[PDB]
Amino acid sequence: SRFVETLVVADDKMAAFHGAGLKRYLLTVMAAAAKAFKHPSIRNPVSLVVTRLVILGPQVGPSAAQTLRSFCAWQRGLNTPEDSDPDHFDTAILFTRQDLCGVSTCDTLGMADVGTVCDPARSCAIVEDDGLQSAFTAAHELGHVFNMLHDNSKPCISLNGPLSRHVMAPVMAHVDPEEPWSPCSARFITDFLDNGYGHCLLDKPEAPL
């Protein structure tokens, strides 16, 4: 049994748009993401548990990289040193209505650092809330936090075989409901946990939302 104690943050733009329904919306999005992380195709399921919810702070702008870095610096200040403190969280995810962009286009919907889930200085993800598929983007970004690569990467070719229908496709496409995670994704999270990088995921949270 593994539990990810999750801080969910929504910016002022999320509050402006969603209003009174924002909390319920965020919990609905996170419930759908949590469902993906329990699917047997992941090989080593984890329970994504919302433990803290902040409605706004960090500097949010078009640059996905800058927004991720600002958010990740800011979230550190909310955390506590020890995982046994009930206020401690294992990962931080920001939802924003800001159109996040890369170097040349604004097609990106989110960003996360890779393989950082039990590093409180780096366990961070951002998601552009599209209003419908935000749970899939959240799952993709959290996949990265769990050390997953894209399914068209060189290592995934040999793990997935010759025969873009998974969460870790590089761009959103229709996800296979019987296999949201590719064999590559399953292998990478499994290795990550087997190698001890999920050492902060063993304590069970007292007060889930």
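All residue numbers are counted from 1 along the displayed sequence.
The modelled chain breaks after residue 56 and resumes at residue 57, leaving 4 to 9 residues of the deposited sequence without coordinates. The stretch of deposited sequence separating residue 163 from residue 164 contains 1 to 3 residues lacking coordinates in this entry. Taking the mean C-alpha B-factor of each stretch as recorded, 28 to 36 and 148 to 156 are not equal, and the higher mean is that of 148 to 156.
Averaged over their C-alpha atoms, the temperature factors of 131 to 139 and 102 to 110 are higher for 102 to 110. By the numbers in the PDB entry, the CA B factor is greatest at 44 among 182, 44, 51, 47. For residue 68, the recorded CA B-factor ranks within the middle third of the chain. Only modelled residues enter the ranking. Per-chain ranking of the deposited C-alpha B factor places residue 16 in the highest third. Residue 5 sits in the lowest third of its chain by CA B factor, as recorded in the PDB entry.
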